[PDB]
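*Asks:* A single structure is presented below for examination.
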Amino acid sequence: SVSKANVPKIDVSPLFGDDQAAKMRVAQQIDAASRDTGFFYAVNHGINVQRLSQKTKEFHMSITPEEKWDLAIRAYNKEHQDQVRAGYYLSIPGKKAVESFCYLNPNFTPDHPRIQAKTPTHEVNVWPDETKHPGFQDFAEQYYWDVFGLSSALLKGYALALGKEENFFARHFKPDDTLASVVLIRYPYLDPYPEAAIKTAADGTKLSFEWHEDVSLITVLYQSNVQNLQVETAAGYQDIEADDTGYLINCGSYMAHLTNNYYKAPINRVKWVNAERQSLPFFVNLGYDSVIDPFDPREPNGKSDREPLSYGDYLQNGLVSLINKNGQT
Ligand SMILES: CC(C)[C@@H](NC(=O)[C@H](CS)NC(=O)CCC[C@H](N)C(=O)O)C(=O)O
Ligand SMILES: [Fe+3]
C-alpha cells in the first residue's frame, strides 16, 4: 500500500507584487513545504499552461524521424559533438518509450562570450524548420521567458523563507547568463508496452525513471493530468497527486548544499503508467560562475563550514552523474 504526499497549493501571486507582509505569508508556506515533503504546487502563477500543453503536443506529434536525427543530441548522433544538452532525445521503439526536446537560454548565440570561449554546459539551441513547425520556436522562446519570470518570483519567496533579502537567489538568476533549461518530454501510450522500457524498484514498483535528486536550484514543472510522481519519505515513497493547472515546485541539490540540507533536495521517481502524457520541467540554474555562500538556518550565527560551490561545476558534474546513474534519457 502506498500513501499520498502532502503537497500544498500555494498562491504565489503576492510574490509579483509589493505587499511585503503578504509575501512573507507566502514565504512561510514555502518554508513549511520545503521542510515537509519538499514539494508544493504554485497556483495563481499567471502562465497560460493550456497553450503550453497544446503547442508542445503539436510538436511531439508532428515531428518526423528525419527531423529527430537532424536535431539529435550527441548521444544519438555522432555528427553533433556540440550538442550535449540541447536538441532531441530519441525514443527507441521496443526499448525506450520516453523522448524529449531540450533547449537552453535563447541568448546563447555565436556572439555570446561563453559560446566564444566554449565553456562547458553552454550551447546554441537547435530548432526544427520553421515552415514544418510554424510558430514553435517563437512559442518555445516566449515560454522560456514566461517561466523565467515565474521562477524569479518563486526565488524571492525562497529567499524570504530562509530569512534573507528577497533577491538573495534571484540576483544570480539573469537572462544574460542563466544555464536554465526547458525539457519537453513525451511519455507515450504503447500497446504492447515494452517490458524493456520498464524498471522495477527495490520495493517492487514499476518505474519509468529511477530515484534521483534534481540537478537545479529549484525545479518548476508542468505535467499533464496523469499521476506518476513519487517522493521518498522515511516511511517510504508517497504519491504526488497530479494538477495540470499549476506548477510542481521543489528544491534541487544546489539548494540543499547551500542551506546545509535545511531545505533538502527531495528524492523522487517516476512510476510507470501506460498513458500518453507530458512532463515539461524548467530547471532553475544560475550562471556558470554563480557562487552562493552556504549558511545554516538552524544555527544562531547561521554559520556553515561548507565550501562555496560554483554553479557551473555543480551543473556539469550533476548532469553527467545523473546520466551515469539513471541512464541516458
Ligand atoms: C518531471 C521529471 C520527473 C522528469 N525528469 C527529468 O526531467 C530528469 C530528472 S529531474 N532530469 C534530467 O534527466 C536532467 C535533464 C537536464 C537537461 N537535459 C539539461 O541539459 O538541462 C520526467 O518526467 O522524467
Ligand atoms: Fe526529478
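Residue numbers start at 1 in each chain; chains themselves are named A, B, ... in the order of the C-alpha cells; ligands are numbered from 1 in the order shown.
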Quick one: everything within 12 Å of residue 32 (chain A), counting only C-alpha atoms, minus sequence neighbours fewer than 5 positions away in the same chain. Send it as a PDB file with N, CA, C and O atoms, in the first residue's frame.

*Replies:*
ATOM      1  N   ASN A   6       1.678  15.030   1.146  1.00  0.00           N
ATOM      2  CA  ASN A   6       1.078  16.336   1.377  1.00  0.00           C
ATOM      3  C   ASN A   6       1.776  17.340   0.471  1.00  0.00           C
ATOM      4  O   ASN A   6       2.955  17.652   0.667  1.00  0.00           O
ATOM      5  N   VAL A   7       1.064  17.820  -0.541  1.00  0.00           N
ATOM      6  CA  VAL A   7       1.612  18.794  -1.478  1.00  0.00           C
ATOM      7  C   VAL A   7       0.692  20.006  -1.450  1.00  0.00           C
ATOM      8  O   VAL A   7      -0.324  20.037  -2.159  1.00  0.00           O
ATOM      9  N   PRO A   8       0.990  21.008  -0.635  1.00  0.00           N
ATOM     10  CA  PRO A   8       0.071  22.142  -0.514  1.00  0.00           C
ATOM     11  C   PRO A   8       0.051  22.978  -1.781  1.00  0.00           C
ATOM     12  O   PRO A   8       1.048  23.096  -2.494  1.00  0.00           O
ATOM     13  N   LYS A   9      -1.113  23.554  -2.056  1.00  0.00           N
ATOM     14  CA  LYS A   9      -1.260  24.538  -3.119  1.00  0.00           C
ATOM     15  C   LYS A   9      -1.022  25.922  -2.529  1.00  0.00           C
ATOM     16  O   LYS A   9      -1.732  26.342  -1.610  1.00  0.00           O
ATOM     17  N   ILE A  10      -0.004  26.617  -3.030  1.00  0.00           N
ATOM     18  CA  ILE A  10       0.403  27.917  -2.506  1.00  0.00           C
ATOM     19  C   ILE A  10       0.114  28.979  -3.558  1.00  0.00           C
ATOM     20  O   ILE A  10       0.655  28.928  -4.671  1.00  0.00           O
ATOM     21  N   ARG A  25       3.906  35.892   4.116  1.00  0.00           N
ATOM     22  CA  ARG A  25       2.983  34.785   4.348  1.00  0.00           C
ATOM     23  C   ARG A  25       3.136  33.702   3.287  1.00  0.00           C
ATOM     24  O   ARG A  25       2.984  32.514   3.589  1.00  0.00           O
ATOM     25  N   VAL A  26       3.444  34.078   2.044  1.00  0.00           N
ATOM     26  CA  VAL A  26       3.787  33.069   1.044  1.00  0.00           C
ATOM     27  C   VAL A  26       5.077  32.363   1.442  1.00  0.00           C
ATOM     28  O   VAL A  26       5.167  31.130   1.409  1.00  0.00           O
ATOM     29  N   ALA A  27       6.092  33.142   1.840  1.00  0.00           N
ATOM     30  CA  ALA A  27       7.379  32.576   2.239  1.00  0.00           C
ATOM     31  C   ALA A  27       7.211  31.539   3.340  1.00  0.00           C
ATOM     32  O   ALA A  27       7.858  30.484   3.315  1.00  0.00           O
ATOM     33  N   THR A  37       7.537  17.479   2.836  1.00  0.00           N
ATOM     34  CA  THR A  37       7.886  16.572   1.746  1.00  0.00           C
ATOM     35  C   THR A  37       8.825  17.203   0.730  1.00  0.00           C
ATOM     36  O   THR A  37       9.474  16.471  -0.027  1.00  0.00           O
ATOM     37  N   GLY A  38       8.897  18.534   0.684  1.00  0.00           N
ATOM     38  CA  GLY A  38       9.753  19.236  -0.244  1.00  0.00           C
ATOM     39  C   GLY A  38       9.053  19.752  -1.479  1.00  0.00           C
ATOM     40  O   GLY A  38       9.665  20.506  -2.245  1.00  0.00           O
ATOM     41  N   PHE A  39       7.793  19.380  -1.691  1.00  0.00           N
ATOM     42  CA  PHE A  39       7.044  19.771  -2.873  1.00  0.00           C
ATOM     43  C   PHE A  39       5.873  20.669  -2.496  1.00  0.00           C
ATOM     44  O   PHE A  39       5.274  20.529  -1.425  1.00  0.00           O
ATOM     45  N   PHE A  40       5.539  21.583  -3.404  1.00  0.00           N
ATOM     46  CA  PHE A  40       4.288  22.319  -3.334  1.00  0.00           C
ATOM     47  C   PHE A  40       3.852  22.650  -4.752  1.00  0.00           C
ATOM     48  O   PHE A  40       4.649  22.613  -5.690  1.00  0.00           O
ATOM     49  N   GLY A 157      10.440  34.186  -2.979  1.00  0.00           N
ATOM     50  CA  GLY A 157       9.776  33.504  -1.882  1.00  0.00           C
ATOM     51  C   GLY A 157      10.711  32.595  -1.106  1.00  0.00           C
ATOM     52  O   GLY A 157      10.669  32.549   0.127  1.00  0.00           O
ATOM     53  N   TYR A 158      11.566  31.856  -1.814  1.00  0.00           N
ATOM     54  CA  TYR A 158      12.529  31.001  -1.131  1.00  0.00           C
ATOM     55  C   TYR A 158      13.507  31.833  -0.313  1.00  0.00           C
ATOM     56  O   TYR A 158      13.879  31.450   0.803  1.00  0.00           O
ATOM     57  N   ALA A 161      11.842  33.067   2.784  1.00  0.00           N
ATOM     58  CA  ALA A 161      11.564  31.921   3.638  1.00  0.00           C
ATOM     59  C   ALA A 161      12.767  31.546   4.486  1.00  0.00           C
ATOM     60  O   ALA A 161      12.609  31.083   5.620  1.00  0.00           O
ATOM     61  N   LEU A 162      13.969  31.747   3.954  1.00  0.00           N
ATOM     62  CA  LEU A 162      15.214  31.430   4.633  1.00  0.00           C
ATOM     63  C   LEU A 162      15.749  32.591   5.461  1.00  0.00           C
ATOM     64  O   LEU A 162      16.854  32.491   6.007  1.00  0.00           O
ATOM     65  N   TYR A 262      19.123  22.156   5.107  1.00  0.00           N
ATOM     66  CA  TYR A 262      17.915  22.604   5.795  1.00  0.00           C
ATOM     67  C   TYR A 262      16.702  22.483   4.878  1.00  0.00           C
ATOM     68  O   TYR A 262      15.628  22.041   5.307  1.00  0.00           O
ATOM     69  N   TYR A 263      16.860  22.867   3.613  1.00  0.00           N
ATOM     70  CA  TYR A 263      15.903  22.555   2.556  1.00  0.00           C
ATOM     71  C   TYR A 263      16.523  21.417   1.746  1.00  0.00           C
ATOM     72  O   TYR A 263      17.394  21.639   0.901  1.00  0.00           O
TER      73      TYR A 263
END

*Asks:* Could you pull out all residues of region 81-183 of chain A with a DSSP call of strand (DSSP E) and give them as a list in words?

*Replies:*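 Selecting the strand (DSSP E) positions of region 81-183 of chain A gives residues 87, 88, 89, 99, 100, 101, 102, 103, 181, 182 and 183 of chain A.
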
*Asks:* Taking only C-alpha atoms and all ligand atoms into account, which residues are within 12 Å of ligand 2, as a count of residues only?

*Replies:* 41

*Asks:* Which residues, written as number ranges by chain, have at least one atom at most 10 Å from region 289-301 of chain A, with only C-alpha atoms counted and residues fewer than 4 positions away on the same chain left out?

*Replies:* A: 162-163, 168-169, 171-173, 177-178, 254-263, 285, 305-313

*Asks:* Could you dump the residues just selected with N, CA, C and O atoms as an mmCIF file, in the first residue's frame?

*Replies:*
data_model
loop_
_atom_site.group_PDB
_atom_site.id
_atom_site.type_symbol
_atom_site.label_atom_id
_atom_site.label_comp_id
_atom_site.auth_asym_id
_atom_site.auth_seq_id
_atom_site.Cartn_x
_atom_site.Cartn_y
_atom_site.Cartn_z
ATOM 1 N N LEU A 162 13.969 31.747 3.954
ATOM 2 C CA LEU A 162 15.214 31.430 4.633
ATOM 3 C C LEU A 162 15.749 32.591 5.461
ATOM 4 O O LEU A 162 16.854 32.491 6.007
ATOM 5 N N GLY A 163 14.992 33.674 5.581
ATOM 6 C CA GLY A 163 15.419 34.798 6.390
ATOM 7 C C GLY A 163 16.327 35.766 5.677
ATOM 8 O O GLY A 163 17.021 36.546 6.335
ATOM 9 N N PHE A 168 18.176 37.398 -2.745
ATOM 10 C CA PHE A 168 19.345 36.610 -2.364
ATOM 11 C C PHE A 168 19.687 35.545 -3.405
ATOM 12 O O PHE A 168 20.871 35.309 -3.685
ATOM 13 N N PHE A 169 18.675 34.873 -3.969
ATOM 14 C CA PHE A 169 18.882 33.938 -5.073
ATOM 15 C C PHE A 169 18.698 34.603 -6.432
ATOM 16 O O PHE A 169 19.478 34.353 -7.357
ATOM 17 N N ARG A 171 19.185 37.469 -7.629
ATOM 18 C CA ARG A 171 20.259 38.296 -8.160
ATOM 19 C C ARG A 171 21.234 37.486 -9.005
ATOM 20 O O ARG A 171 21.956 38.065 -9.824
ATOM 21 N N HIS A 172 21.287 36.169 -8.815
ATOM 22 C CA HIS A 172 22.165 35.305 -9.592
ATOM 23 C C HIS A 172 21.472 34.711 -10.807
ATOM 24 O O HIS A 172 22.125 34.020 -11.596
ATOM 25 N N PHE A 173 20.182 34.982 -10.972
ATOM 26 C CA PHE A 173 19.318 34.382 -11.986
ATOM 27 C C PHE A 173 19.021 35.474 -13.005
ATOM 28 O O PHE A 173 18.144 36.314 -12.790
ATOM 29 N N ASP A 177 22.976 35.187 -18.641
ATOM 30 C CA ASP A 177 23.856 34.048 -18.414
ATOM 31 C C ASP A 177 23.205 32.806 -17.820
ATOM 32 O O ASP A 177 23.926 31.844 -17.539
ATOM 33 N N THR A 178 21.890 32.772 -17.628
ATOM 34 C CA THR A 178 21.309 31.635 -16.929
ATOM 35 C C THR A 178 21.512 30.348 -17.721
ATOM 36 O O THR A 178 21.298 30.297 -18.935
ATOM 37 N N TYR A 254 21.518 21.839 -5.365
ATOM 38 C CA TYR A 254 22.277 23.052 -5.072
ATOM 39 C C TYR A 254 21.675 23.800 -3.888
ATOM 40 O O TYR A 254 22.405 24.366 -3.068
ATOM 41 N N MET A 255 20.343 23.815 -3.785
ATOM 42 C CA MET A 255 19.703 24.416 -2.622
ATOM 43 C C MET A 255 20.040 23.646 -1.353
ATOM 44 O O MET A 255 20.323 24.246 -0.314
ATOM 45 N N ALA A 256 19.994 22.314 -1.411
ATOM 46 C CA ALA A 256 20.390 21.516 -0.259
ATOM 47 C C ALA A 256 21.819 21.831 0.155
ATOM 48 O O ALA A 256 22.114 21.967 1.347
ATOM 49 N N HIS A 257 22.720 21.976 -0.815
ATOM 50 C CA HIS A 257 24.106 22.270 -0.475
ATOM 51 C C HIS A 257 24.220 23.580 0.297
ATOM 52 O O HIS A 257 24.860 23.642 1.355
ATOM 53 N N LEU A 258 23.619 24.649 -0.230
ATOM 54 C CA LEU A 258 23.865 25.974 0.319
ATOM 55 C C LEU A 258 23.095 26.231 1.605
ATOM 56 O O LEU A 258 23.441 27.169 2.329
ATOM 57 N N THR A 259 22.073 25.432 1.910
ATOM 58 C CA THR A 259 21.352 25.561 3.170
ATOM 59 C C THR A 259 21.787 24.516 4.195
ATOM 60 O O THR A 259 21.076 24.294 5.178
ATOM 61 N N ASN A 260 22.941 23.883 3.991
ATOM 62 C CA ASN A 260 23.370 22.758 4.827
ATOM 63 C C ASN A 260 22.228 21.761 5.015
ATOM 64 O O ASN A 260 21.977 21.267 6.116
ATOM 65 N N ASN A 261 21.518 21.481 3.926
ATOM 66 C CA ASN A 261 20.448 20.492 3.880
ATOM 67 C C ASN A 261 19.230 20.887 4.706
ATOM 68 O O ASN A 261 18.376 20.041 4.991
ATOM 69 N N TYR A 262 19.123 22.156 5.107
ATOM 70 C CA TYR A 262 17.915 22.604 5.795
ATOM 71 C C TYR A 262 16.702 22.483 4.878
ATOM 72 O O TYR A 262 15.628 22.041 5.307
ATOM 73 N N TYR A 263 16.860 22.867 3.613
ATOM 74 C CA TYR A 263 15.903 22.555 2.556
ATOM 75 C C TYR A 263 16.523 21.417 1.746
ATOM 76 O O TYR A 263 17.394 21.639 0.901
ATOM 77 N N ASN A 285 18.595 27.048 -13.101
ATOM 78 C CA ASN A 285 20.037 27.036 -12.926
ATOM 79 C C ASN A 285 20.550 28.469 -12.951
ATOM 80 O O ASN A 285 19.959 29.341 -13.589
ATOM 81 N N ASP A 305 30.227 25.476 7.467
ATOM 82 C CA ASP A 305 31.588 25.195 7.034
ATOM 83 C C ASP A 305 31.657 24.679 5.603
ATOM 84 O O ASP A 305 32.752 24.370 5.123
ATOM 85 N N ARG A 306 30.524 24.573 4.916
ATOM 86 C CA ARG A 306 30.530 24.060 3.556
ATOM 87 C C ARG A 306 31.177 25.054 2.599
ATOM 88 O O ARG A 306 31.047 26.272 2.757
ATOM 89 N N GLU A 307 31.865 24.500 1.598
ATOM 90 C CA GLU A 307 32.589 25.308 0.626
ATOM 91 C C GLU A 307 31.622 25.958 -0.353
ATOM 92 O O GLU A 307 30.656 25.322 -0.796
ATOM 93 N N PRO A 308 31.837 27.220 -0.705
ATOM 94 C CA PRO A 308 31.085 27.797 -1.821
ATOM 95 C C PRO A 308 31.346 26.988 -3.083
ATOM 96 O O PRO A 308 32.492 26.705 -3.435
ATOM 97 N N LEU A 309 30.268 26.586 -3.741
ATOM 98 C CA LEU A 309 30.319 25.730 -4.915
ATOM 99 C C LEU A 309 29.918 26.540 -6.135
ATOM 100 O O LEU A 309 28.855 27.164 -6.148
ATOM 101 N N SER A 310 30.775 26.542 -7.152
ATOM 102 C CA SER A 310 30.467 27.259 -8.380
ATOM 103 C C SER A 310 29.370 26.524 -9.142
ATOM 104 O O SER A 310 29.436 25.303 -9.310
ATOM 105 N N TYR A 311 28.358 27.264 -9.606
ATOM 106 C CA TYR A 311 27.188 26.595 -10.169
ATOM 107 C C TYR A 311 27.541 25.821 -11.432
ATOM 108 O O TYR A 311 26.980 24.748 -11.690
ATOM 109 N N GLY A 312 28.447 26.360 -12.250
ATOM 110 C CA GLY A 312 28.796 25.682 -13.489
ATOM 111 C C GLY A 312 29.418 24.320 -13.249
ATOM 112 O O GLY A 312 29.073 23.338 -13.913
ATOM 113 N N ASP A 313 30.360 24.248 -12.308
ATOM 114 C CA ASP A 313 30.960 22.961 -11.966
ATOM 115 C C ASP A 313 29.926 22.014 -11.376
ATOM 116 O O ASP A 313 29.940 20.808 -11.660
#

*Asks:* Report as an MDAnalysis selection string all protein, DNA and RNA residues lying within 12 Å of residue 1 (chain A), evaluated on only C-alpha atoms, omitting residues in the same chain fewer than 5 positions from it.

*Replies:* chainID A and resid 203:205 235:239

*Asks:* Write out, as a PDB file, in the first residue's frame, the residues just selected, with N, CA and C atoms.

*Replies:*
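What landed in again28.pdb:
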ATOM      1  N   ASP A 203      11.404  -1.821  -3.981  1.00  0.00           N
ATOM      2  CA  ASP A 203      10.146  -2.144  -3.317  1.00  0.00           C
ATOM      3  C   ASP A 203       9.123  -2.775  -4.252  1.00  0.00           C
ATOM      4  N   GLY A 204       9.493  -3.048  -5.508  1.00  0.00           N
ATOM      5  CA  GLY A 204       8.642  -3.753  -6.443  1.00  0.00           C
ATOM      6  C   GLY A 204       7.886  -2.868  -7.413  1.00  0.00           C
ATOM      7  N   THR A 205       7.879  -1.559  -7.193  1.00  0.00           N
ATOM      8  CA  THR A 205       7.122  -0.651  -8.045  1.00  0.00           C
ATOM      9  C   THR A 205       7.726  -0.592  -9.443  1.00  0.00           C
ATOM     10  N   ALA A 235       9.011   6.973   5.723  1.00  0.00           N
ATOM     11  CA  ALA A 235       8.023   5.905   5.729  1.00  0.00           C
ATOM     12  C   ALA A 235       7.799   5.307   4.346  1.00  0.00           C
ATOM     13  N   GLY A 236       8.634   5.650   3.381  1.00  0.00           N
ATOM     14  CA  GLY A 236       8.568   5.091   2.052  1.00  0.00           C
ATOM     15  C   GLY A 236       8.123   6.124   1.036  1.00  0.00           C
ATOM     16  N   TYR A 237       7.911   5.644  -0.180  1.00  0.00           N
ATOM     17  CA  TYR A 237       7.531   6.522  -1.272  1.00  0.00           C
ATOM     18  C   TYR A 237       6.052   6.867  -1.178  1.00  0.00           C
ATOM     19  N   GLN A 238       5.735   8.120  -1.482  1.00  0.00           N
ATOM     20  CA  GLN A 238       4.373   8.630  -1.427  1.00  0.00           C
ATOM     21  C   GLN A 238       3.999   9.234  -2.774  1.00  0.00           C
ATOM     22  N   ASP A 239       2.755   8.999  -3.190  1.00  0.00           N
ATOM     23  CA  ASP A 239       2.275   9.517  -4.464  1.00  0.00           C
ATOM     24  C   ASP A 239       2.054  11.023  -4.400  1.00  0.00           C
TER      25      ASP A 239
END

*Asks:* Identify which of the residues A:181, A:328, A:54, A:137 lies closest to residue 86 (chain A), counting only C-alpha atoms when measuring atom-to-atom distances.

*Replies:*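 For residue 86 (chain A), the nearest of the candidates is A:181.
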
*Asks:* Let me make sure I understand: among A:126, A:201, A:286, A:273, which one has the smallest atom-to-atom distance to residue 174 (chain A) if we use only C-alpha atoms?

*Replies:* A:286

*Asks:* How many Å lie between CA of residue 175 (chain A) and CA of residue 105 (chain A), rounded to one decimal?

*Replies:* 7.4 Å

*Asks:* If you run DSSP on the backbone here, which positions in region 157-196 of chain A get helix (DSSP H, G or I)? Please write them as number ranges by chain.

*Replies:* A: 157-161, 170-172, 195-196

*Asks:* Identify which of the residues A:277, A:118, A:164, A:35 lies closest to residue 189 (chain A), counting only C-alpha atoms when measuring atom-to-atom distances.

*Replies:*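 For residue 189 (chain A), the nearest of the given residues is A:277.
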
*Asks:* Would you list the contacts of residue 112 (chain A) as a list in words, taking every protein, DNA or RNA residue within 10 Å and counting only C-alpha atoms, but skipping same-chain residues closer than 2 positions in sequence?

*Replies:*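 After dropping sequence-adjacent residues, the list is residues 107, 108, 109, 110, 114, 115, 116, 117, 118, 122, 123, 124, 176 and 177 of chain A.
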
*Asks:* Counting only C-alpha atoms and all ligand atoms, which residue out of A:324, A:64, A:131, A:208 sits closest to ligand 1?

*Replies:*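 So, comparing all the options, the nearest one is A:208.
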
*Asks:* For residue 87 (chain A), list every protein, DNA or RNA residue within 10 Å, evaluated using only C-alpha atoms, and leave out those in the same chain fewer than 3 positions away; present the list as a list in words.

*Replies:*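 The residues satisfying every condition are residues 68, 69, 70, 71, 72, 73, 74, 80, 83, 84, 90, 100, 101, 102, 103, 104, 123, 124, 125, 126, 127, 128 and 183 of chain A.
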
*Asks:* Please provide as an MDAnalysis selection string all residues within 8 Å of residue 167 (chain A), with the sequence filter that same-chain residues fewer than 5 positions apart are discarded (counting only C-alpha atoms).

*Replies:* chainID A and resid 155:156 159

*Asks:* Any chance you can output those residues with N, CA and C atoms as a PDB file, in the first residue's frame?

*Replies:*
ATOM      1  N   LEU A 155      11.859  32.440  -6.516  1.00  0.00           N
ATOM      2  CA  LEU A 155      13.132  32.566  -5.808  1.00  0.00           C
ATOM      3  C   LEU A 155      13.082  33.650  -4.743  1.00  0.00           C
ATOM      4  N   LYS A 156      12.300  34.703  -4.972  1.00  0.00           N
ATOM      5  CA  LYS A 156      12.093  35.703  -3.932  1.00  0.00           C
ATOM      6  C   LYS A 156      11.388  35.093  -2.731  1.00  0.00           C
ATOM      7  N   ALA A 159      13.932  32.976  -0.850  1.00  0.00           N
ATOM      8  CA  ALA A 159      14.866  33.833  -0.126  1.00  0.00           C
ATOM      9  C   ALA A 159      14.253  34.339   1.173  1.00  0.00           C
TER      10      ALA A 159
END

*Asks:* Between CA of residue 121 (chain A) and CA of residue 89 (chain A), what is the spacing in Å?

*Replies:* 16.6 Å
